[PDB]
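As structure tokens, the structure follows; a few thoughts come after it.
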Amino acid sequence: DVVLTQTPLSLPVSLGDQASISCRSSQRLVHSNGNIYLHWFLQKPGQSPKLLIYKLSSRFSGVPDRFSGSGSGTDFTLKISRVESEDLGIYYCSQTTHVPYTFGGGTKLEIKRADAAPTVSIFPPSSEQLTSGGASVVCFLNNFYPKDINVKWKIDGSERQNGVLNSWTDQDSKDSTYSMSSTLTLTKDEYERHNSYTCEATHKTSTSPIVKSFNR
Amino acid sequence: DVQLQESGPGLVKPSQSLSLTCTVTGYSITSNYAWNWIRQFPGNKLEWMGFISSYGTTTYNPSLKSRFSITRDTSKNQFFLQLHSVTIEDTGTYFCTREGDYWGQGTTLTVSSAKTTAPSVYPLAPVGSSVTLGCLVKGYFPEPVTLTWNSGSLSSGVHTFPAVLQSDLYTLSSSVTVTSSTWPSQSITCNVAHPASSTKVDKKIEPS
Ligand code: NA
């Protein structure tokens with residue numbers, strides 16, 4: 001089976017700058033008909049993959065001329081000339097010279113931006129939730145950049161590390177910012193047995209953790 | 001133009017035999033081209049399963065364990081992916097396609113012996129210049145699910161977070177920022193919909 005390797009995995013680029021994605025094939029993709037059925041897709045977040053370039057260098061309708069593809073035998077490049085925001089997502093190469101048809105592993109295109117620190121918010125368990133014998137504490141870390149971000153959950157000064165659910169959003173193309181949510185979940189008991197609930201965030205934008213808290 | 005819409009049963013148990021639908025419009029599946037089924041797994045890896053030619057003849061990925069076929073109905077202008085005994089490892093998002101130039105939104109197949117569960121919708125009200133609230137949809141199964149703010153009217157400064165699975169239960173949270181002068185002088189309600197459990201919940205965010 002034809003294996004396609006994409007380089008790199010991730011790829012930060014500045015607005016207005018030219019980006020290029022590389023795809024490498026474990027086999028020659030030249031058909032008998034003389035054509036190279038190597039194609040390019042972009043998958044925007046929440047969306048389905050979309051054809052950019054087909055047969056190596058042919059550009060699909062409605063696709064900006066900013067987008068171009070070339071390559072040589074077993075090495076292939078996609079060039080994005082003047083990067084805009086809408087352009088963010090996962091980029092895939094595929095081949096259809098050989099059955100079975102195979103896809104590259106994808107290359108995430110991240111937009112370079114002004115480091116930005118998270119806007120932090122801490123949230124106590126609902127009445128409703130409390131009634132059910134549930135206790136969840138929610139912490140949002142919104143509109144930060146870059147993506148790398150660690151959190152700590154402290155109960156009465158010391159650190160919890162059992163019962164933590166984390167979720168990250170894909171890069172917002174509206175402002176090139178990321179967002180995270182963390183939910184610490186305990187038993188209504190284990191909860192009311194402590195006072196202070198702290199949500200600690202680590203990030204490049206600060207040599208020191210960003211702290212948000214509350215007293216039960 | 002050519003449009004493709006997937007549909008399917010959503011959740012099913014292992015060993016279940018099953019079929020997915022691709023409904024094509026604006027173009028006949030008899031006319032021309034090859035009509036594909038493609039699969040995306042978590043981790044975002046894409047896998048080509050097969051196609052049905054415009055002649056009604058099929059070509060499959062011989063490198064797969066999954067037992068399947070592809071069929072059509074030229075009259076309703078649909079083609080179908082029939083999966084013969086799904087395993088857990090068949091969980092993923094299935095796309096249908098004309099070649100590679102037209103895709104459907106996609107349809108989620110979850111293969112689990114876990115039972116369907118309606119979620120608990122929880123209001124996160126606060127304890128500066130703007131203000132932040134939250135929705136906690138917990139302990140449902142499967143997905144998808146649906147979250148809006150003020151019936152979808154309010155869409156600015158919202159953050160819906162991908163669901164995360166813990167012990168065969170999903171948990172999903174939502175953020176929304178508004179100006180201090182907005183809340184709670186104006187009511188902000190959270191709008192949850194879980195079609196799978198036929199649940200629809202509306203949770204207004206009250207202070208304290
Ligand atoms: Na061909």
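Chains: A, B, ... in order of the structure tokens. Residues: from 1 per chain. Ligands: from 1, in order shown.
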
TODO: Report as a list in words which protein, DNA and RNA residues come within 8 Å of ligand 1, using only C-alpha atoms and all ligand atoms.
DONE: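 The neighbouring residues of ligand 1 are, in order, residues 37, 96 and 97 of chain A.
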
Task: Contacts of residue 157 in chain B within 10 Å, only C-alpha atoms, excl. fewer than 3 positions in-chain, as a VMD selection string - done: (chain A and resid 142 to 143) or (chain B and resid 132 154 175 to 178)

Can those selected residues be exported to a file as a PDB file, in the first residue's frame so that it contains C-alpha atoms?
ATOM      1  CA  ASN A 142     -10.279  31.609  26.908  1.00  0.00           C
ATOM      2  CA  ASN A 143      -8.719  33.387  23.989  1.00  0.00           C
TER       3      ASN A 143
ATOM      4  CA  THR B 132     -18.688  35.189  31.660  1.00  0.00           C
ATOM      5  CA  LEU B 154     -26.559  35.219  20.888  1.00  0.00           C
ATOM      6  CA  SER B 175     -18.670  29.538  27.653  1.00  0.00           C
ATOM      7  CA  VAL B 176     -20.154  32.896  26.764  1.00  0.00           C
ATOM      8  CA  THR B 177     -18.966  36.400  27.500  1.00  0.00           C
ATOM      9  CA  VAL B 178     -21.172  39.451  27.740  1.00  0.00           C
TER      10      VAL B 178
END

Open item on the list: I need the contact residues of chain A against chain B, so if you could list those with any atom within 6 Å, counting only C-alpha atoms, and return them as an MDAnalysis selection string, that would help.
Closed with: chainID A and resid 48 51 100:101 105 169

Could you save the residues just selected, with N, CA and C atoms, as a PDB file, in the first residue's frame?
ATOM      1  N   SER A  48     -15.990  19.391   6.737  1.00  0.00           N
ATOM      2  CA  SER A  48     -15.579  18.190   6.011  1.00  0.00           C
ATOM      3  C   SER A  48     -14.447  18.550   5.061  1.00  0.00           C
ATOM      4  N   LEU A  51     -11.551  19.870  -1.449  1.00  0.00           N
ATOM      5  CA  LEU A  51     -10.560  19.779  -2.514  1.00  0.00           C
ATOM      6  C   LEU A  51     -10.009  21.142  -2.876  1.00  0.00           C
ATOM      7  N   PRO A 100      -5.202   0.358  -2.873  1.00  0.00           N
ATOM      8  CA  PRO A 100      -6.198   1.264  -2.319  1.00  0.00           C
ATOM      9  C   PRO A 100      -5.737   2.697  -2.251  1.00  0.00           C
ATOM     10  N   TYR A 101      -6.713   3.575  -2.402  1.00  0.00           N
ATOM     11  CA  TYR A 101      -6.492   5.016  -2.287  1.00  0.00           C
ATOM     12  C   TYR A 101      -6.127   5.336  -0.853  1.00  0.00           C
ATOM     13  N   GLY A 105      -1.206  11.738   6.586  1.00  0.00           N
ATOM     14  CA  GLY A 105      -1.616  11.811   7.991  1.00  0.00           C
ATOM     15  C   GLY A 105      -2.118  13.165   8.426  1.00  0.00           C
ATOM     16  N   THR A 169     -10.262  23.825  22.394  1.00  0.00           N
ATOM     17  CA  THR A 169     -10.856  24.188  21.117  1.00  0.00           C
ATOM     18  C   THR A 169      -9.783  24.273  20.053  1.00  0.00           C
TER      19      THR A 169
END

Task: chain A: residues DSSP assigns to alpha helix (DSSP H), reported as a list in words - done: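 Filtering chain A down to alpha helix (DSSP H) leaves residues 127, 128, 129, 130, 131, 188, 189, 190, 191 and 192 of chain A.
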
Keeping only N, CA, C and O atoms, write the selected residues to a file as a PDB file, in the first residue's frame.
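And here's out_24.pdb as it stands now:
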ATOM      1  N   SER A 127     -26.665  24.351  42.072  1.00  0.00           N
ATOM      2  CA  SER A 127     -27.629  23.867  43.065  1.00  0.00           C
ATOM      3  C   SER A 127     -28.089  22.509  42.612  1.00  0.00           C
ATOM      4  O   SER A 127     -28.070  21.519  43.348  1.00  0.00           O
ATOM      5  N   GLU A 128     -28.513  22.518  41.362  1.00  0.00           N
ATOM      6  CA  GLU A 128     -29.074  21.342  40.703  1.00  0.00           C
ATOM      7  C   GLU A 128     -28.129  20.183  40.886  1.00  0.00           C
ATOM      8  O   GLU A 128     -28.499  19.105  41.351  1.00  0.00           O
ATOM      9  N   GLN A 129     -26.890  20.441  40.505  1.00  0.00           N
ATOM     10  CA  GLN A 129     -25.855  19.415  40.537  1.00  0.00           C
ATOM     11  C   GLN A 129     -25.608  18.966  41.963  1.00  0.00           C
ATOM     12  O   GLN A 129     -25.425  17.781  42.241  1.00  0.00           O
ATOM     13  N   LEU A 130     -25.635  19.941  42.858  1.00  0.00           N
ATOM     14  CA  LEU A 130     -25.388  19.705  44.291  1.00  0.00           C
ATOM     15  C   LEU A 130     -26.458  18.797  44.870  1.00  0.00           C
ATOM     16  O   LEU A 130     -26.211  17.988  45.764  1.00  0.00           O
ATOM     17  N   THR A 131     -27.651  18.941  44.323  1.00  0.00           N
ATOM     18  CA  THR A 131     -28.813  18.195  44.801  1.00  0.00           C
ATOM     19  C   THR A 131     -28.617  16.719  44.522  1.00  0.00           C
ATOM     20  O   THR A 131     -28.992  15.858  45.319  1.00  0.00           O
ATOM     21  N   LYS A 188     -20.231  15.250  46.281  1.00  0.00           N
ATOM     22  CA  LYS A 188     -20.815  16.351  47.059  1.00  0.00           C
ATOM     23  C   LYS A 188     -20.208  16.390  48.446  1.00  0.00           C
ATOM     24  O   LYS A 188     -20.034  17.451  49.047  1.00  0.00           O
ATOM     25  N   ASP A 189     -19.880  15.205  48.935  1.00  0.00           N
ATOM     26  CA  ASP A 189     -19.171  15.071  50.204  1.00  0.00           C
ATOM     27  C   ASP A 189     -17.803  15.706  50.079  1.00  0.00           C
ATOM     28  O   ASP A 189     -17.528  16.774  50.630  1.00  0.00           O
ATOM     29  N   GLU A 190     -16.953  15.002  49.343  1.00  0.00           N
ATOM     30  CA  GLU A 190     -15.531  15.352  49.204  1.00  0.00           C
ATOM     31  C   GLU A 190     -15.380  16.842  48.985  1.00  0.00           C
ATOM     32  O   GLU A 190     -14.324  17.427  49.224  1.00  0.00           O
ATOM     33  N   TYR A 191     -16.479  17.441  48.553  1.00  0.00           N
ATOM     34  CA  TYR A 191     -16.503  18.849  48.172  1.00  0.00           C
ATOM     35  C   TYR A 191     -16.636  19.706  49.410  1.00  0.00           C
ATOM     36  O   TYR A 191     -15.778  20.534  49.723  1.00  0.00           O
ATOM     37  N   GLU A 192     -17.739  19.476  50.104  1.00  0.00           N
ATOM     38  CA  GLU A 192     -18.154  20.317  51.237  1.00  0.00           C
ATOM     39  C   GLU A 192     -17.238  20.108  52.420  1.00  0.00           C
ATOM     40  O   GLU A 192     -17.486  20.601  53.515  1.00  0.00           O
TER      41      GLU A 192
END

Open item on the list: Quick check, in Å to one decimal: how far apart do CA of residue 14 in chain A and CA of residue 54 in chain A lie?
Closed with: 25.8 Å

Task: Non-local contacts of range 188-199 of chain B (10 Å; only C-alpha atoms; under 4 positions in same chain excluded) as a ChimeraX atom specification - done: /B:9-11,116-123,133-137,140-152,154,174,176,178,182-184,203-206

Open item on the list: Using only C-alpha atoms, which protein or nucleic acid residues come within 10 Å of range 33-35 of chain A? Drop anything in the same chain fewer than 3 positions from it, and give the result as an MDAnalysis selection string.
Closed with: chainID A and resid 29:30 38 55:56 97

Could I get the residues of range 86-125 of chain A with an atom no further than 10 Å from an atom of range 68-79 of chain A, each paired with its nearest atom pair and that distance in Å to one decimal, using only C-alpha atoms, sorted by chain and residue number, as JSON lines?
{"residue": "A:91", "atom": "CA", "partner": "A:78", "partner_atom": "CA", "distance": 9.3}
{"residue": "A:92", "atom": "CA", "partner": "A:78", "partner_atom": "CA", "distance": 9.8}
{"residue": "A:93", "atom": "CA", "partner": "A:76", "partner_atom": "CA", "distance": 8.9}

Open item on the list: Give me the residues near residue 90 in chain B as a PyMOL selection string, where near means some atom within 12 Å (using only C-alpha atoms) and where sequence neighbours in that chain fewer than 3 positions away do not count.
Closed with: chain B and resi 11-18+38-42+47+49+64-68+83-87+93-94+108-112

TODO: Please run DSSP on the backbone and report, as a ChimeraX atom specification, all residues within range 81-211 of chain A that come out as strand (DSSP E).
DONE: /A:89-95,102-103,107-112,119-123,134-144,150-155,158-160,164-168,178-187,196-203,206-211

Open item on the list: If I take CA of residue 154 in chain A and CA of residue 184 in chain A, how far is one from the other in Å, to one decimal?
Closed with: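 A separation of 9.8 Å between them.
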
Residues at most 9 Å from residue 55 in chain B, counting only C-alpha atoms, excluding those fewer than 2 positions away in the same chain, as a PDB file with N, CA, C and O atoms, in the first residue's frame?
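Result saved to part_0.pdb:
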ATOM      1  N   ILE B  29     -25.970   9.660 -10.247  1.00  0.00           N
ATOM      2  CA  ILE B  29     -24.908   8.738  -9.822  1.00  0.00           C
ATOM      3  C   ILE B  29     -24.702   7.682 -10.893  1.00  0.00           C
ATOM      4  O   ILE B  29     -23.809   6.836 -10.807  1.00  0.00           O
ATOM      5  N   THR B  30     -25.556   7.767 -11.905  1.00  0.00           N
ATOM      6  CA  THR B  30     -25.482   6.886 -13.083  1.00  0.00           C
ATOM      7  C   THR B  30     -24.718   7.587 -14.193  1.00  0.00           C
ATOM      8  O   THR B  30     -24.104   6.962 -15.052  1.00  0.00           O
ATOM      9  N   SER B  31     -24.782   8.908 -14.151  1.00  0.00           N
ATOM     10  CA  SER B  31     -24.193   9.746 -15.198  1.00  0.00           C
ATOM     11  C   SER B  31     -22.742   9.434 -15.374  1.00  0.00           C
ATOM     12  O   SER B  31     -22.314   8.872 -16.380  1.00  0.00           O
ATOM     13  N   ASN B  32     -21.987   9.835 -14.372  1.00  0.00           N
ATOM     14  CA  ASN B  32     -20.537   9.687 -14.403  1.00  0.00           C
ATOM     15  C   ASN B  32     -19.870   9.741 -13.045  1.00  0.00           C
ATOM     16  O   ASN B  32     -20.466  10.128 -12.041  1.00  0.00           O
ATOM     17  N   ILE B  52     -18.435   2.984  -5.700  1.00  0.00           N
ATOM     18  CA  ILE B  52     -19.310   2.368  -6.681  1.00  0.00           C
ATOM     19  C   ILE B  52     -19.272   3.232  -7.936  1.00  0.00           C
ATOM     20  O   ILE B  52     -19.532   4.442  -7.903  1.00  0.00           O
ATOM     21  N   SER B  53     -18.882   2.598  -9.034  1.00  0.00           N
ATOM     22  CA  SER B  53     -18.857   3.270 -10.330  1.00  0.00           C
ATOM     23  C   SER B  53     -20.263   3.641 -10.716  1.00  0.00           C
ATOM     24  O   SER B  53     -21.250   3.263 -10.074  1.00  0.00           O
ATOM     25  N   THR B  57     -20.842  -0.957 -10.528  1.00  0.00           N
ATOM     26  CA  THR B  57     -19.774  -1.878 -10.139  1.00  0.00           C
ATOM     27  C   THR B  57     -18.904  -1.235  -9.084  1.00  0.00           C
ATOM     28  O   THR B  57     -18.716  -0.013  -9.069  1.00  0.00           O
ATOM     29  N   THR B  58     -18.394  -2.081  -8.195  1.00  0.00           N
ATOM     30  CA  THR B  58     -17.673  -1.628  -6.992  1.00  0.00           C
ATOM     31  C   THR B  58     -16.209  -2.019  -6.908  1.00  0.00           C
ATOM     32  O   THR B  58     -15.770  -3.045  -7.416  1.00  0.00           O
TER      33      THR B  58
END

Open item on the list: I'd like the interatomic distance between CA of residue 213 in chain A and CA of residue 122 in chain A, to a tenth of an Å.
Closed with: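 We find that CA of residue 213 in chain A and CA of residue 122 in chain A lie 6.2 Å from each other.
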
- [ ] Measuring atom to atom with only C-alpha atoms, identify which of A:162, A:67, A:98, A:43 is nearest to residue 27 in chain A.
- [x]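 For residue 27 in chain A, the nearest of the candidates is A:98.
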